[PDB]
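*Asks:* Structure for the following, please:
(4 chains, ligands or ions: 4)
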Amino acid sequence: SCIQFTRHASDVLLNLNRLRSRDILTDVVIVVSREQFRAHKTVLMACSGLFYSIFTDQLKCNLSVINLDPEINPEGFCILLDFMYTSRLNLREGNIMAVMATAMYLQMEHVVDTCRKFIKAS
Amino acid sequence: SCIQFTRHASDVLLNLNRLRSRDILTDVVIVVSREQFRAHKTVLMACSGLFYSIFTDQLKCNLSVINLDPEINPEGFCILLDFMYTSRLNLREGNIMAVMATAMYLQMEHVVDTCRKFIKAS
Amino acid sequence: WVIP
Amino acid sequence: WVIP
Ligand SMILES: O=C1Cc2cc(Nc3cc(Cl)ncc3Cl)ccc2N1
Ligand SMILES: O=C1Cc2cc(Nc3cc(Cl)ncc3Cl)ccc2N1
Ligand SMILES: [Cl-]
Ligand SMILES: [Cl-]
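*Replies:* Numbers count the residues shown, from 1 in each chain, chains lettered A, B, ... in the order given. Ligands and ions are numbered 1, 2, ... in the order given. Sure, the structure comes next:
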């Protein structure tokens, strides 16, 4: 018999993104080639099958630095990290291949699905 | 020119609640009288003006235990913690006074607003 | 607020 | 997915 506040989940994500932009309570650095991205482990886990697996590992759960596979493109990762914290995906002709490859590696099934759809249309 | 995934924020919150239920990456215990509640500091901050203030404090940000005011009712807190992680509020005749008082203390303005509305109707 |  |  609960009532529900429609905008609650969006408002929570908006505040988590504000914490990220201000580097508040970030507990991990994701290294992608020469580039570094600060984030919250819980948000990464909630969005990605790969980070979910990494941070549930009894040894990796305690690491403050995670290095991604050298094939991963920093821009593709940046676009996906922004999507995790906003629900908004900056998908463009020039980045779609790098975004799909990064989403497949990160195990972000809904992003992979829209990339496959957008590629098929062109 | 971004695209948006409508269910993303809700799916993120659902996964954060799954992490909470399994006690994964919880980093704080909230003590309410004899009762203890494990949670994620970032989720508490995103939902509550009080926790936002506590965990942005340069000293309190590092505490693993937070003790609430002894007037706070553990059931009212439990109902509000559930709302934080689900968007669902278990508001009932028998708990509405304790829920409103706890939401005022936690600075959860939208919960305070619906409690004031539901009380006014009766 | 809604009835979910 | 939508146009926000
Ligand atoms: O495409 C995706 C997105 C995703 C997210 C998560 N994260 C969780 C899943 C569960 Cl069941 N409980 C808790 C968490 Cl944080 C796992 C796999 C995938 N695949
Ligand atoms: O009723 C409410 C709910 C709430 C949430 C937060 N938390 C934040 C606010 C901002 Cl601007 N950036 C980041 C965070 Cl985590 C503060 C006050 C209140 N009042
Ligand atoms: Cl996804
Ligand atoms: Cl609220």
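*Asks:* OK, contacts around the residue nearest the centre of chain A?
*Replies:* Closest residue to the average C-alpha location of chain A: residue A:81 at 3.6 Å, with C-alpha atoms, centre = their mean. Shown in contact with residue A:81 (C-beta atoms under 8 Å, 6 or more residues apart in numbering or on different chains): A:30, A:37, A:39. Quick note: C-beta positions are derived from backbone N, CA and C, even for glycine.
*Asks:* any idea which of these has the most stuff around it?
*Replies:* Using other C-beta atoms under 10 Å in any protein chain shown as the neighbour criterion, residue A:39 leads the contacts of residue A:81 with 21 neighbours.
*Asks:* how about it, phi and psi?
*Replies:* phi -160, psi 180 (degrees, to the nearest 10).
*Asks:* From what I see, it and residue A:26 are in contact.
*Replies:* Yes - between residue A:39 and residue A:26 there is a contact under C-beta atoms under 8 Å: 5.9 Å.
*Asks:* what sits in contact with each of the two?
*Replies:* residue A:20.
*Asks:* Off-centre distance for the helix or strand the residue nearest to the centre of chain A falls within?
*Replies:* Here residue A:81 is covered by helix A:74-86, with elements defined by DSSP states H and E. Relative to its parent chain, helix A:74-86 has a centroid offset of 5 Å by C-alpha atoms, centre = their mean, to the nearest Å.
*Asks:* next helix or strand past it?
*Replies:* The C-terminal neighbour of helix A:74-86 among helices and strands, as given by DSSP H and E, is strand A:88-89.
*Asks:* Could you report the neighbour count for residue A:40?
*Replies:* 23.
*Asks:* Next, work out how far apart residue A:116 and ligand 3 are.
*Replies:* Computed with C-beta to the ion, to the nearest Å, the distance linking residue A:116 and ligand 3 is 13 Å.
*Asks:* List the residues that contact whichever residue of chain A sits closest to chain C.
*Replies:* Using C-beta to the nearest C-beta, residue A:4 is the residue of chain A that sits closest to chain C, at 4.2 Å. By C-beta under 8 Å, 6+ apart, the residues touching residue A:4 are B:87, B:88, B:89, C:1, C:2, C:3, C:4.
*Asks:* From these, list the buried ones, please.
*Replies:* The neighbour-count test (16 or more other C-beta atoms under 10 Å in any protein chain shown) applied to the contacts of residue A:4 identifies B:87, B:88, B:89, C:1 as buried.
*Asks:* residue ranges of the strands in chain A, please?
*Replies:* Here chain A has its strands, by DSSP state E, at A:3-4, A:28-32, A:35-39, A:65-67, A:88-89.
*Asks:* Show me what from chain A comes close to ligand 2.
*Replies:* Counting by C-beta under 6 Å from any ligand atom, the residues of chain A lying close to ligand 2 are A:15, A:18, A:19.
*Asks:* Can you report how many residues lie near residue A:94?
*Replies:* So residue A:94, with other C-beta under 10 Å, has 7 neighbours.
*Asks:* Contact distance from chain C - what residues of chain A qualify?
*Replies:* A:2, A:3, A:4, A:5, A:6 (C-beta under 8 Å from any C-beta of the partner chain).
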